[PDB]
Amino acid sequence: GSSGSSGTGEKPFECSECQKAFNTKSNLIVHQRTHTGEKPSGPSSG
Ligand SMILES: [Zn+2]
């Protein structure tokens with residue numbers, strides 16, 4: 001039906017809000033901050 005991730009590796013560091021994959025922690029940490037405030041990029045609306 002709706003294929004997807006049959007067998008894909010994972011990263012040692014993953015976000016908490018968007019759950020994004022990262023190689024280094026430093027890069028991740030800095031990426032976590034961006035997740036602040038409200039409607040930073042734009043609402044989904046569907
Ligand atoms: Zn994130």
# chains A, B, ... in the order shown; residues from 1 in each chain; ligands from 1
$ residues_near_ligand --ligand "ligand 1" --cutoff "8 Å" --atoms "only C-alpha atoms and all ligand atoms" --output "list in words"
residues 14, 15, 16, 17, 18, 19, 20, 28, 31, 32, 34 and 35 of chain A
$ select_by_dssp --residues "chain A" --states "alpha helix (DSSP H)" --output "ChimeraX atom specification"
/A:25-33
$ residues_around --residues "region 2-10 of chain A" --least-positions-apart "3" --cutoff "10 Å" --atoms "only C-alpha atoms" --output "list in words"
residues 13, 14, 21, 22 and 23 of chain A
$ write_last_selection --atoms "N, CA and C atoms" --output "short mmCIF file (atom, residue, chain, number, x, y, z; two decimals), in the first residue's frame"
data_model
loop_
_atom_site.label_atom_id
_atom_site.label_comp_id
_atom_site.auth_asym_id
_atom_site.auth_seq_id
_atom_site.Cartn_x
_atom_site.Cartn_y
_atom_site.Cartn_z
N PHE A 13 21.46 11.17 17.15
CA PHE A 13 20.82 12.36 17.70
C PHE A 13 19.57 12.72 16.89
N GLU A 14 18.44 12.82 17.58
CA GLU A 14 17.17 13.15 16.94
C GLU A 14 16.44 14.26 17.70
N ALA A 21 16.73 14.04 12.09
CA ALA A 21 17.97 13.31 12.30
C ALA A 21 19.18 14.23 12.18
N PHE A 22 20.18 13.99 13.02
CA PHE A 22 21.40 14.80 13.01
C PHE A 22 22.63 13.92 13.20
N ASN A 23 23.76 14.38 12.67
CA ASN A 23 25.01 13.63 12.78
C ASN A 23 25.73 13.98 14.08
#
$ closest_residue --among "A:25, A:36, A:30, A:41" --to "residue 12 (chain A)" --atoms "only C-alpha atoms"
A:25
$ decode --residues "chain A" --atoms "C-alpha atoms" --output "compact mmCIF listing (two decimals), in the first residue's frame"
# COMPACT_ATOMS: atom_id res chain seq x y z
CA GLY A 1 0.00 0.00 0.00
CA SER A 2 1.74 3.12 1.29
CA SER A 3 5.42 2.18 1.33
CA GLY A 4 7.94 4.15 3.36
CA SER A 5 10.91 3.28 5.56
CA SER A 6 11.40 -0.45 4.99
CA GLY A 7 14.97 -0.56 6.25
CA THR A 8 16.67 2.80 6.77
CA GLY A 9 19.37 3.54 9.33
CA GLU A 10 18.99 6.05 12.15
CA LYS A 11 21.07 8.86 13.66
CA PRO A 12 22.48 8.97 17.22
CA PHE A 13 20.82 12.36 17.70
CA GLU A 14 17.17 13.15 16.94
CA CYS A 15 15.17 16.32 17.57
CA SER A 16 12.21 16.39 19.96
CA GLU A 17 9.82 18.78 18.20
CA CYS A 18 10.26 17.82 14.54
CA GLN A 19 12.13 14.60 15.33
CA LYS A 20 14.80 15.36 12.72
CA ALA A 21 17.97 13.31 12.30
CA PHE A 22 21.40 14.80 13.01
CA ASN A 23 25.01 13.63 12.78
CA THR A 24 26.59 15.74 15.53
CA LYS A 25 24.99 16.77 18.83
CA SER A 26 26.28 20.34 18.59
CA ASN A 27 24.44 20.86 15.30
CA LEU A 28 21.30 19.34 16.82
CA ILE A 29 21.34 21.45 19.98
CA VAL A 30 21.56 24.62 17.88
CA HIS A 31 18.69 23.29 15.77
CA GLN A 32 16.57 22.69 18.87
CA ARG A 33 16.72 26.37 19.81
CA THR A 34 15.14 27.47 16.53
CA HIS A 35 12.08 25.63 17.84
CA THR A 36 11.06 28.65 19.91
CA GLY A 37 8.16 31.09 19.86
CA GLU A 38 5.00 30.58 17.82
CA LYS A 39 4.25 30.38 14.09
CA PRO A 40 7.95 30.83 13.22
CA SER A 41 7.67 29.48 9.68
CA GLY A 42 3.93 29.09 9.18
CA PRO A 43 0.83 27.15 10.27
CA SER A 44 -0.20 23.88 8.61
CA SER A 45 -3.88 24.65 8.05
CA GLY A 46 -4.49 21.14 6.74
